[PDB]
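Undergrad:
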């Protein structure tokens, strides 16, 4: 899980 | 009451897939975005859209592409779809070398600026952050702005989540719901199913407590004037  | 989807062509589906950014921008590579892009390509291909994938476009290339597409003759096309996969901020999506205003992009397709799309649904699907908030969860005849729909992956002000292996929560859910329901549900109802899927089935896992156990709700902005059916 990563943020954009 | 339903948009005419009876034209010889369903329309264009432009997919802008920005994965790698210029070092100077300091933006991270968006691992998992290729999975999104291929998933959307196949999904929209099945709905009989003419898909065009574009990878790693500069802010200048994004504007130029949108200008050129808006200048095409869409007379024989029922609709228009643009999918943007990149970094973002409130009201903004990033080219590989800097930001572009979402308003500048969508403006090319206004009812008065793109005559061959007037009265036709113009769909913008945006997987991008809209700020840095995290959700902890809990227990003239026609207006020029008419017939646009904007399907944002996340609430205004909030980060949007992407899994490096599976793709973004939103695009994963969107393609799945289209595959399952495009032959049976109106588009707003499909997008509502996407909202529920993202809201209920996803939750971040991080070694970093700040980013752990976080949630996401997409946001539909509809200025559509008719129901949209893909069949």
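Protein chains in written order, with PDB author numbering: chain B, 2 to 5; chain A, 35 to 173, 185 to 276. Using N, Cα and C, we set each Cβ at its ideal position, and we do this for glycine too.
#1: Going by the beta-carbon positions, is the gap between residue 216 of chain A and residue 261 of chain A smaller than 9 Å?
#2: So which residues on chain B does residue 161 of chain A lean against when the C-beta distance must stay under 8 Å?
#3: Measuring alpha carbon to alpha carbon, tell me which of A:212, A:211, A:213, A:236 ends up nearest residue 223 of chain A.
#4: Please determine, among A:198, A:204, A:124, the residue with the shortest C-alpha to C-alpha distance to residue 219 of chain A.
#5: Is DSSP giving residue 266 of chain A helix, strand or coil here?
#6: Residues of chain B with a CB under 9 Å from the CB of residue 204 of chain A: which are they?
#7: Fully enclosed by the region 213-276 of chain A, which alpha helix (DSSP H) runs are 4 residues long or longer?
#8: Check whether chain B comes within 9 Å of residue 51 of chain A, counting only Cβ atoms and requiring the distance to be less than that.
#9: Please state the DSSP three-state secondary structure of residue 194 of chain A.
#10: 9 Å is my cut-off, CB to CB: does residue 256 of chain A come that close to chain B?
#11: Between which two residues does the beta strand (DSSP E) containing residue 44 of chain A stretch?
#12: Start and end of the alpha helix (DSSP H) containing residue 73 of chain A?
#13: Candidates A:116, A:203, A:188: which alpha carbon is nearest residue 167 of chain A's?
#14: Residues in the region 108-130 of chain A with C-beta within 8 Å of chain B's C-beta atoms, listed in sequence order?
#15: Check whether the Cβ of residue 143 of chain A lies closer than 9 Å to any Cβ atom in chain B.
#16: So, does the region 46-64 of chain A touch the region 117-135 of chain A, judging by three or more C-beta pairs under 8 Å?
#17: Are the beta-carbon atoms belonging to residue 149 of chain A and residue 190 of chain A less than 9 Å from one another?
#18: Return the CA-CA distance between residue 178 of chain A and residue 136 of chain A, expressed in angstroms with no decimal places.
TA: Walking through what the data contain:
#1: Their beta carbons are not under 9 Å apart, which means residue 216 of chain A does not touch residue 261 of chain A by this criterion.
#2: Neighbours of residue 161 of chain A across chain B, judged by C-beta separation under 8 Å: 5.
#3: A:236
#4: A:198
#5: strand
#6: 4, 5
#7: 214-226, 232-246
#8: no
#9: strand
#10: yes
#11: That run of the beta strand (DSSP E) goes 43-51.
#12: 67-80
#13: A:203
#14: Here the close residues are 120, 121, 122.
#15: For residue 143 of chain A, no Cβ of chain B is located within less than 9 Å of the residue's own Cβ.
#16: At 8 Å Cβ cutoff, the stretches touch.
#17: no
#18: No coordinates exist for residue 178 of chain A; the numbering of chain A passes from 173 to 185 with nothing in between.
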